[PDB]
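K.L.:
Build me a model from this:
(one chain, ligands or ions: 1)
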Amino acid sequence: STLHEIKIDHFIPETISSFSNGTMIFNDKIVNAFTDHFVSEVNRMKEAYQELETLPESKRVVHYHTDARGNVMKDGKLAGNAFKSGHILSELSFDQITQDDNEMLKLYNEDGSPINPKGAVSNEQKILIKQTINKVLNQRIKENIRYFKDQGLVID
Ligand SMILES: [Cl-]
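P.N.:
Numbers count the residues shown, from 1 in each chain. Below is the structure in question.
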């Protein structure tokens, strides 16, 4: 029933710097922050993939390194939720990438394991992530202006 609200002086102004016809060009801070979020997601993926061998079986998190029953592999690909980006850039999670985006990024194998688990994320991958981020943010903000129109808040 209750609702908490935290007040903090952190705001990113001028989120959209310019317009290229219909598409929106976003402030560098936002693209950088979202790319940082996704590269941290990938780093977490690699960290958990290494933890699979580093940590003993008795210390594997139930939904992180493995599925709810304890199996590390389900069907052909990896089962744990650590190897999946289900909330930040879902379009780049191994279980739901268009094959073109995977071949551009070169980010996963067939069994869902992260490529180059010890190495960091490359810069080619980062610029492709920035492209995907621009596309996603454009679609999101168009959906949101659509909703604001539909709820009668904005009115012509
Ligand atoms: Cl699970």
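
K.L.:
only C-alpha atoms for contact and neighbour calcs from this point on.
P.N.:
Noted.

K.L.:
So what's the residue count around whichever residue of the chain sits closest to the ion?
P.N.:
As assessed by Cα to the ion, the ion sits closest to residue 67 within the chain, at 3.8 Å. By the other Cα atoms under 10 Å criterion, the neighbourhood of residue 67 contains 17 residues.

K.L.:
Verify the stated contact: residue 94 with residue 111.
P.N.:
No - between residue 94 and residue 111 no contact is recorded; they are 9.2 Å apart, counting by Cα atoms under 8 Å.

K.L.:
Could you check which of these two is surrounded by more residues?
P.N.:
The residue with more neighbours, out of residue 94 and residue 111 and counting by other Cα under 10 Å, is residue 94; that gives 24 against 15.

K.L.:
and the residue lying closest to the more buried one once chain neighbours are set aside, what element?
P.N.:
Distances taken as Cα to Cα, 6 or more residues apart in numbering place residue 112 nearest to residue 94, at 5.9 Å, with adjacent residues excluded. Take DSSP states H and E as the rule and residue 112 turns out to sit in neither a helix nor a strand.
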